[PDB]
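Report on the structure
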Amino acid sequence: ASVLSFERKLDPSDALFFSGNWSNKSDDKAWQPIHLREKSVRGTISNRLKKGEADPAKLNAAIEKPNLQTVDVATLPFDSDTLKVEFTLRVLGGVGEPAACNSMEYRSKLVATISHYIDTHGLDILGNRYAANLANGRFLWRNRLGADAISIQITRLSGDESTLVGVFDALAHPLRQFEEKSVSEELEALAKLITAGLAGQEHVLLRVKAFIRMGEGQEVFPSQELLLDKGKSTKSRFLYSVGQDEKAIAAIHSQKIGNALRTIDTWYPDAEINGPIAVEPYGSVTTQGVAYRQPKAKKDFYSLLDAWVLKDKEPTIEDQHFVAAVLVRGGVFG
Amino acid sequence: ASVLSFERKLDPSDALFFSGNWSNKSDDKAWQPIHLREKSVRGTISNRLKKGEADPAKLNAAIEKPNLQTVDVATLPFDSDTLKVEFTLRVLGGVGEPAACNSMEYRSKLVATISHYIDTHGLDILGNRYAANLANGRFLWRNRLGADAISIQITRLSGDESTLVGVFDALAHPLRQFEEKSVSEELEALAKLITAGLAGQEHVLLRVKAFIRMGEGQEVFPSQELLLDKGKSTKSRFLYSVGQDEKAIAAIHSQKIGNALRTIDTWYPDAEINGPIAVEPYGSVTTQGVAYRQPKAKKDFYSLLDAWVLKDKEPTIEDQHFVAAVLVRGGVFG
Amino acid sequence: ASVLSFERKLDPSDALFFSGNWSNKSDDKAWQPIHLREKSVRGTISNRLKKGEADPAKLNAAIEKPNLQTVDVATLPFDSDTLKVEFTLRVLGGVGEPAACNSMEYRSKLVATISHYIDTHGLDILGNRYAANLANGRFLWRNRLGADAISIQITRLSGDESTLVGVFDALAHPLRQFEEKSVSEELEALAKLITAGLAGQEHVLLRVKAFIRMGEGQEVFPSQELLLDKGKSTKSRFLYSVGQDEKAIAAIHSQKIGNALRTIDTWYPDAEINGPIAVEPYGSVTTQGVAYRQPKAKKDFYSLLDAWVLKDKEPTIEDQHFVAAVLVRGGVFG
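What follows is about the overall build of chain A. In terms of helices and strands, chain A carries 8 helices and 20 strands. Overall, the C-alpha framework of chain A stretches about 65 × 55 × 35 Å when taken along its three principal axes. Long-range contacts, defined here as pairs at least 24 residues apart, represent 71% of the contacts in chain A between residues at least 6 apart.

Structure (structure tokens):
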């Protein structure tokens, strides 16, 4: 075939953690950054035991060996009760244009297939569900669980201009389904902004500001970084941070914020049982270790695209939406 | 096989130390924070000796040697007799939902059995005993011993509002049994609140303010940090603290506070002599280097949970209380 | 084998220096803190020389190089003739309850062994001998030598109220033996008070106020703080102080006060030849670099404790008092 490779058109930045009180969301200088700290942890024997271990003497022996570790932790201060998560989002047009492609015959029918898809059903639901996942706060991941209150401030930036698009209560919007009426005037302005940017009509740059009321001293949940037994350190858990040594700030990986944004695919076989999942070529969910959209039940990105392009096996309108959502997510495809 | 994880449902913050005088409990300004200090210690040869040597000559050579060390110390001022320990606690619903699950047929039967548990024997005992361990001050660890008077103020935090749940005399509540029929209305209000949170009905954020009258200038006991012989410092003992650099405040580790709340398990084989212990999959007790709840006796959390779910072997109702209590603790199980 | 550790049950605070005149001991606001000062000191070649160094020109040269140092110094004011030393003492029960132990068999007979010892010959003598070391002012250490007078006011505090246990005359009490049979009623009061606290009967909080008349402007003696070329200080002597920065108060280390309280061991082999010593597991004494109770002879703590507990070889009554005495000193016996 061809060795294509599309570029992501959703470009979120890392989301950095900031701490303050709830009554001062509008006051931008009222939010100090959250830095990582280290603390000692006395481990516990909690994993399933091996076949050998069984015997009470060696379980017991295991419990007396110290098992102590050091972990990263990020928390709100004793006097500040509200996490603040800020990141910018860039939506780019050109979703139908490959950035690389090795078969001249394959490129031609692809762009046509997408172009007329764009032409027919304007990719509004793509923008609508992206938009929705800003308003859910789904990109907060573990920080939304247990929140007293979550208010999300979205603005558009152009030059030196900021424009309030919307202030969404993340807990007033569903995570398991997408609202299809009566939405909101403010939500809808933001789905049309993202769709315009997806399409090419506008230059779109958003500034998200999520505010979670967690309670003084409460632990916040940045991303994890994985580099175990790196020599003398031998620290148990490492969190993610941005900005060099003392200044560095706790953050969620940009791609984790992205993974949340594209969790849209309600269009796969078991979609009513498992709710929405994140658009991936093979509808893979890493936690559950299973692939919705298996290749044998031809509903993966790949089988569908050849059908829809190489053979003109037109697919259903939702699966058509899905393969657009992969091209929006993008990635080397071969 | 099934591989799966559960996230904590009881979420206490670090517990920070403050100082002041017992009269001014209600005045929140009257409490200045406790910072760590360093002090020299001329050490003693106090450990058990090896083969080389119990010879008189080399023992005495060893005592001649200076053996000076530096240690962190936290203590009350010369003019302040009471230690304040403050922390907030969040209680999350969703006990039965695993955070990650490998096999979704195992999830189905797991969420099935736990949901049945919640409906039948409502998790009232769990919130009964978590509540108790707040009301008795078990979370004060070594700071409870010898206290003149411990008064524990607990309050519900709901957006901007703060409502007082109860003021508890921690020396009036047992640490070896959990109280019966006539609990107290204040304790009972609190135990309901924790189970509503455990059960998803309410958003519960509590603020524990614990006052221990100890006497002016008396040493207090934060957590320890285990970094012994790291660097040229040659420091004998590190203590735990939270907050930037010099204004950092001495603290108990959040997970030490949660070990206290989870000391509810009176359901293991020898419990009537040993007393309650903190919930742990293999019923482990680190200070005694022994694992109650051995796998030989199939009383460990895995024997229990496997049986209950894969083979529909109902365990004794106390043992059911235990694995539900493990599930709120959380861990990585598989 | 056992990996026990006992928490200390004698808990004195740091002792802080104040200064005033001898008439006003009863006026608490008539005493003002002693802050440390720096002064310059031109050194002197006073140590023993080393082969090479003994040549005349070499030592002659050694004399002429400045040798200039800075030292901390604490003194009474020009108008204030009396040093006042205040600390608070907590006495805890639970002597025979280890805070940690590894082998379940060892805890078993240990608690029985110690329990019975308490049951039989009650630890009155331990209380008597601590008691006396408050009354002889041993804890004043170098501030005791060459004093016009020494008045030690002891009170017990409970709640908001203080009861005068006694006013002792530390120079009318011996250091080198403990007084024979006939002892003051007030000393008797205090020895019963410490034993009740060691036993568990009462909550014991004492406030010791020692007054030493030494003459206007005289140098007082706090503990020493020992750091070796920490920074570019080149300050040869540092003393201990407690408090913020420049209103920190000269002090004796708490554990120095404690070591003086447990100066009770008249029970080693050479006890008539050397008098009392502070209770250490191997009867060590830092100044003399000697280990009384060497382990060759089976009179150290640990040889004794295994014999008395493991093999039921009960030891001499006086050495049983010692073994109990280490247990209230406490500390990791690894």
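Alright, that's what it looks like, and here's the rest.
Moving on to the domain arrangement of chain A. Residues and elements named next belong to chain A. Per the domain assignment, the segments making up chain A are domain 1 (1-7 + 95-122 + 264-334) and domain 2 (8-94 + 123-263). The interface is formed by 25 residues belonging to domain 1 together with 22 residues belonging to domain 2. Approximately 1,800 Å² of surface area, both sides summed, lies buried where domain 1 meets domain 2, with 63% of it carried by carbon and sulfur atoms. For the domain 1 face of the interface with domain 2, the top three residues by lost area are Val95, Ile264 and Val328, together amounting to 36%. Our enumeration of links across domain 1 and domain 2 arrives at 1 salt bridge. Residue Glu280 is joined to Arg262 by a salt bridge in which the shortest nitrogen-to-oxygen separation is 2.4 Å. At the surface where domain 1 touches domain 2, the tally comes to 13 residue pairs in polar contact. Breaking the side of domain 1 that touches domain 2 down by element, the ones donating at least two residues are strand 16 (263-265), strand 17 (277-278) and helix 8 (317-329). The element contributing the most residues to the side of domain 1 that touches domain 2 is helix 8, with 6 residues.

Facing 51 residues of chain B, the contacting portion of chain A comprises 37 residues. Summed over the three residues of chain B that lose the most area to chain A, namely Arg90, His203 and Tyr282 of chain B, the buried surface amounts to 15% of that side. At the boundary of chain B and chain A, one finds 5 salt bridges. As a salt-bridge pair, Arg37 of chain A and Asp14 of chain B come within 3.6 Å of each other at their nearest N and O atoms. Here chain B is connected to chain A by 19 residue pairs in polar contact. Top contributing element to the side of chain B that touches chain A by residue count: strand 7 (residues 82-91) of chain B, with 4 residues. Among the residues forming the side of chain B that touches chain A, the class breakdown is 22 nonpolar, 16 polar and 13 charged.

This part is about the interface of chain C and chain B. Interfaces are often sized by the amount of accessible area the parts lose when they come together. At the interface, 51 residues of chain C touch 36 residues of chain B. Counting every contact that joins chain C to chain B gives 23 residue pairs in polar contact. Class assignment of the residues belonging to the side of chain C that touches chain B gives a composition of 21 nonpolar, 15 polar and 15 charged.

Residues and elements named next belong to chain B. Here helix 7 (residues 301-310) has its buried residues at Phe301, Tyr302, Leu304, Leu305, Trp308 and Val309. Here the buried residues of helix 7 occupy an arc of 160 degrees about the axis, which is enough to place them on one side. In this fold, the buried residues of helix 7 make contact with helix 2 (104-119), helix 8 (317-329) and strand 21 (331-333). At the N-terminal boundary of helix 7, the capping side chain belongs to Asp300, with an oxygen 2.8 Å from the backbone nitrogen of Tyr302. Directly beyond the C-terminal end of helix 7, a positive phi value near 50 degrees is found at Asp312.

What follows is about the environment of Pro98 of chain A. Residues and elements named next belong to chain A. Relative to the helices and strands, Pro98 is located in the loop between strand 7 (82-91) and helix 2 (104-119). Residue class for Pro98 comes out buried when judged on its relative accessible area of 15%. Along the primary structure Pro98 and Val242 are separated by 144 residues, whereas in three dimensions their C-alpha atoms are 32 Å apart. In this view, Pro98 contacts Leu4, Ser5, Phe6, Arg107 and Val111; residues no more than four positions away in its chain are not counted.

A word on the sheet that holds strand 1 (residues 4-6) of chain B. Two modes of strand pairing occur in sheets, parallel and antiparallel, and in both the strands are linked by backbone hydrogen bonds. Residue and element names in this part refer to chain B. Reading across from one edge, 8-1-21 is the order of the 3 strands in this open sheet, with antiparallel pairing throughout. The sheet is open, and its two edges are formed by strand 8 (100-101) and strand 21, each paired on a single side. Bridge analysis of strand 1 against strand 21 gives 3 bridges, and the strand direction is antiparallel. Opposite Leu4, over in strand 21, you have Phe333 as the bridge partner.

What follows covers the pairing of strand 10 (residues 204-213) of chain C. Residues and elements named next belong to chain C. Burial of strand 10 is extensive: 9 of the 10 residues sit out of reach of the surface. Two elements, strand 7 (residues 82-91) and strand 10, share 10 bridges in a ladder whose sense is antiparallel. Counterpart to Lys84 in the pairing with strand 10 is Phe211. Inspection of the sheet shows strand 8 (residues 149-158) paired to strand 10 by 9 bridges, in the antiparallel sense.

Let us now look at the packing of helix 2 of chain B against helix 7 of chain B. All names here are of chain B. Where helix 2 meets helix 7, the axes come as close as 9 Å, and the angle between the chain directions of the two elements is 100 degrees. For the element pair helix 2 / helix 7, the angle class is roughly perpendicular. Touching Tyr106, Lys109, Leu110, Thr113, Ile114 and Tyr117 of helix 2 are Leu305, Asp306, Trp308, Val309 and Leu310, all from helix 7. Counted by class, the contact of helix 2 with helix 7 contains 8 nonpolar, 1 polar and 2 charged residues.

Within this structure, the stated rule accounts for 30 aromatic pairs over all chains. Look at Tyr302 of chain A and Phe333 of chain A: their rings are 6.2 Å apart centre to centre, the planes differ by 75 degrees, and that puts the pair in the edge-to-face class. In this pair, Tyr302 of chain A sits in helix 7 (residues 301-309) while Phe333 of chain A sits in strand 20 (residues 331-333), placing the two residues 31 residues apart along the sequence. Assessed through its relative accessible area of 8%, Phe333 of chain A is described here as buried. Centre to centre, the rings of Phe6 of chain C and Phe333 of chain C are 6.0 Å apart; their planes meet at 70 degrees, and the pair counts as edge-to-face. Here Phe6 of chain C is found in strand 1 (residues 5-6), whereas its partner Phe333 of chain C is found in the segment after strand 18 (331-332), with 327 residues between them in sequence. Exposure class is identical for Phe6 of chain C and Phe333 of chain C. Each is buried. Members of the aromatic cluster, connected to one another through ring pairs, are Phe6, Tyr282, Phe301, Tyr302, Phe322 and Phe333 of chain C.

A cluster of nonpolar side chains, contributed by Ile45, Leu49 and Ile63 of chain C, occupies part of the molecular surface with about 250 Å² of accessible area. Checked against the element boundaries, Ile63 of chain C lands in helix 1 (residues 56-64).

As a further point, take the sheet that holds strand 11 (residues 219-220) of chain A. All names here are of chain A. Within the open sheet, the 3 strands sit side by side as 5-6-11. Their pairing is antiparallel. With partners counted over all chains shown, the strands left at the sheet margins are strand 5 (37-42) and strand 11, one partner each. Note: strand 6 (residues 68-75) against strand 11, 2 bridges, orientation antiparallel. Residue pairing across strands places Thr75 opposite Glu219, the latter belonging to strand 11.

What follows concerns the pattern of salt bridges. With the rule as written, the count across this model stands at 58 salt bridges over all chains. Close ionic contact of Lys65 of chain A with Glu64 of chain A constitutes a salt bridge, the shortest N to O distance being 2.5 Å. For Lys65 of chain A, a relative accessible area of 45% puts it in the partly exposed group. Residues joined by salt bridges that share partners form a network here, namely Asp28, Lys84, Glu86, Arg207 and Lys209 of chain B.

Generally speaking, soluble globular proteins have nonpolar side chains that are buried together. Among the nonpolar cores identified, the biggest contains 76 residues, and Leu126, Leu134 and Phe139 of chain B are the most heavily contacted of them. When residues of this core are assigned to their parent elements, the largest contribution, 7 residues, is made by helix 8 of chain B. Viewed by domain, this core spans two of them, domain 1 (1-7 + 95-122 + 264-334) and domain 2 (8-94 + 123-263) of chain B, each represented by three or more residues. Contact partners of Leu134 of chain B, with chain neighbours within four places excluded, come to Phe87, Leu89, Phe139, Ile152, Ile154, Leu190, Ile194, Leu206, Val208 and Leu261 of chain B. Listed in part, the 75 residues of the second largest apolar core include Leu126, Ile194, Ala260 and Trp308 of chain C.

What counts, and at which threshold
Residues numbered from 1 in each chain as written, not as in the entry; some residues may be left out. Chains lettered and ligands numbered in written order. Part of a larger assembly, values for the part shown. Heavy atoms only, no water. Residues with missing side-chain atoms left out of burial classes, pairs and counts. Helix = DSSP H or I, 4+ residues; strand = E, 2+ residues; numbered from the N terminus. Contact = heavy atoms within 4.5 Å. Domains from an automatic or database assignment. Buried area = accessible area lost by both parts, 1.4 Å probe. Salt bridge = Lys/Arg side-chain N within 4 Å of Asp/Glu carboxyl O. Polar contact = N/O pair within 3.5 Å; in protein donor to acceptor, adjacent residues only side chain to side chain. Nonpolar A, V, L, I, M, F, W, Y, C, P; charged D, E, K, R; others polar. Buried < 20%, exposed > 50% of the residue type's maximum accessible area, 1.4 Å probe, protein only. Arc of directions from axis to C-beta. Pairing = 2+ DSSP bridges. Axes fitted to C-alpha atoms, helices over the stretch in contact; angles between N-to-C directions. Parallel < 35°, antiparallel > 145°, perpendicular 65-115°, else oblique. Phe/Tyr/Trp six-rings, centres within 6.5 Å; stacked < 30°, edge-to-face > 60°. Patch = residues over 30% accessible without salt bridge, like charges linked within 9 Å, V, L, I, M, F, W, Y side chains within 5 Å. Areas by Shrake-Rupley, 256 points an atom, 1.4 Å probe, with all protein chains shown as cover. Core = buried A, V, L, I, M, F, W, Y, C linked by side-chain atoms within 4.5 Å.

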